[PDB]
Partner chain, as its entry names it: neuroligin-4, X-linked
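Okay, here we've got a single chain as structure tokens, the form solved without its partner chain, with questions on binding and movement later.
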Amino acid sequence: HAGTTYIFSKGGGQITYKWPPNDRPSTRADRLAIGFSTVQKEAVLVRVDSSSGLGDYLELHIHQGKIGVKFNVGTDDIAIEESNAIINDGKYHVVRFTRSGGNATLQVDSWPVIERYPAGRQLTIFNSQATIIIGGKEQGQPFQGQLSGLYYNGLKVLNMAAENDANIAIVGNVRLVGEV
């Protein structure tokens, strides 16, 4: 757990980043990386939502102990997961996700990179990204454990929450881990 770390405990918590109203980005490619440790079978770690009216979203989650990402940029819901192993063993792991149009890439630690190409052709842009929600409380599947080194398209969100950014709001059972 390098860099800034936060712990989510009994009851769940949430760190929310809101882009200012006239600065919501639209992207053709996305980069998401985060460090975590948990023993949960089910939970939503990170979710990026487009503004109201659009269905675009991106969600990093754990289902039956397996870490995966599901996104939608206008066409179908695309899912990619590292279902080989399990990652809810209480140990520290790193997950990297990449998106190029409707194609994706996912890699846990140093295991084999997983490449997913939807058979059905898809739209290409993650339009009007409005919020980055960390903790899964709002999605109804609170994360319990540690998250650190969150990187989303150039934004080091956890550092921003620790550097007390104006566009960040922290709520619930979430604590900033002090440091060495």
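Numbering follows the first chain given and starts at 1.
In what follows, reference is made to the form solved in complex with its partner chain, a form of this protein that is not presented.
Notebook entry, point to check: Which among 115-123, 146-154, 63-71, 34-42 is in contact with its partner chain in the deposited complex, heavy atoms within 4.5 angstroms?
Noted result: That would be stretch 115-123.
Check: Closest heavy atom of residue 164 to its partner chain in the deposited complex, within 4.5 Å or not?
Finding: No, residue 164 is distant from the partner.
Margin query: So, residue 139 and its partner chain: in the deposited complex, are they within 4.5 Å at any heavy atom pair?
Written below: It does not: once its partner chain is placed as it appears in the deposited complex, residue 139 has no heavy atom within 4.5 Å of it.
Margin query: So in the deposited complex, is its partner chain close enough to residue 11 to count as touching (4.5 Å, heavy atoms)?
Written below: No, residue 11 is distant from the partner.
Margin query: Quick check on residue 25: any heavy atom within 4.5 Å of its partner chain in the deposited complex?
Written below: Residue-level check for residue 25: yes, a contact with its partner chain.
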